[PDB]
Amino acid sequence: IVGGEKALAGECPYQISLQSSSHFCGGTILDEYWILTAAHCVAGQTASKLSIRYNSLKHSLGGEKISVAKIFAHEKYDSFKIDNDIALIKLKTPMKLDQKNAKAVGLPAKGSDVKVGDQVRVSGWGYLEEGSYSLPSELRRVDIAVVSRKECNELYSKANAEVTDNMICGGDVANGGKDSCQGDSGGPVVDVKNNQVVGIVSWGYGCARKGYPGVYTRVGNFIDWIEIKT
C-alpha cells in the first residue's frame, strides 16, 4: 500500500494474508469458510500448499493460520488481460469471526459499480513504494477516490491495456502517490460507509504513478458467481 497509514485494531477486520510458506497476496473474509481473492493470486497453485493468516495486523505473526482446502478461480480468467480476476478460497477449518481483527465484510448489490466521487479503502501488506525491497510487517490502509471507468480506460491506452466493465479504478490521476502495490493483490477495496467489499486489488502499471490508477476487480459483476460457488 502506497501513501497509506498503518491500520488500527479493528479497522480492517476482514483482511487475510494468503501464504505459501510466507505472504504473497491478500484476501477478504466473506464468512467463516470463504475468502475472496484474485484469480492471478491462486492461478495454478495447489490448495493443499496454501494457507491464510487471519485475526492479525501482522502477516508473519499472531492471529491464527488455517490450511486452504479449495481454490475456485474464475472460469473466464484471462491472464493476459487480467480480466475476470477473481477467486474464492475455502478453508479446511472455520475462522473464529466477530473477533475485533476478524470479521466478515458484506457484498454489494448484484451488478453495482462505483462512480467518480466514491471513496474506497484498500488495505494489505504490499510494498510501501513501487519496488521496495521488503513487505512492511504491519497492515497498511489507504483511502483513494474512484476514477471513472472511461477515464481510467483512456489513461491505460498509453500502456496498451484495456480497462473493462469487470474492473474499477481508484487513485490520483494528477499526482499519483496513493495505491495498492506488489503484495497487495487479491486484497480488499471497501466502501466503509456500507461495509461492502466492492473491489479486489488486481493490477496496474507500476504503483502510485501519475496517470496510472490502480485497477481493481469489480466485485459487483461477480455477485452471481460468488453466491453460486458458496
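When you see a residue number, it is the position in the sequence shown, counting from 1.
Colleague: With reference to the PDB entry, specify whether the mean Cα temperature factor is higher for 159-167 or for 33-41.
Modeller: It is 159-167.
Colleague: Between 148-156 and 120-128, which has the higher average C-alpha B-factor in the PDB entry?
Modeller: According to the PDB entry, the answer is 148-156.
Colleague: What third of the chain, by the recorded C-alpha B-factor, contains residue 52?
Modeller: CA B-factor rank for residue 52: lowest third.
Colleague: Within this chain, which third does the Cα B-factor at residue 94 fall in: lowest, middle or highest?
Modeller: Highest third - that is where residue 94 ends up once the chain's C-alpha B-factors are sorted.
Colleague: Check where residue 217 lands among this chain's C-alpha B-factors and tell me if it's the lowest, middle or highest third.
Modeller: Its C-alpha B-factor belongs to the lowest third of this chain's values.
Colleague: Could you place residue 175 in the lowest, middle or highest third of its chain by Cα temperature factor, using the values in the record?
Modeller: Its C-alpha B-factor, which the entry lists for residue 175, ranks in the middle third among residues of this chain.
Colleague: So where's residue 114 on the chain's Cα temperature factor ranking, which third?
Modeller: Within its chain, residue 114 is a highest-third residue by C-alpha B-factor, going by the deposited values.
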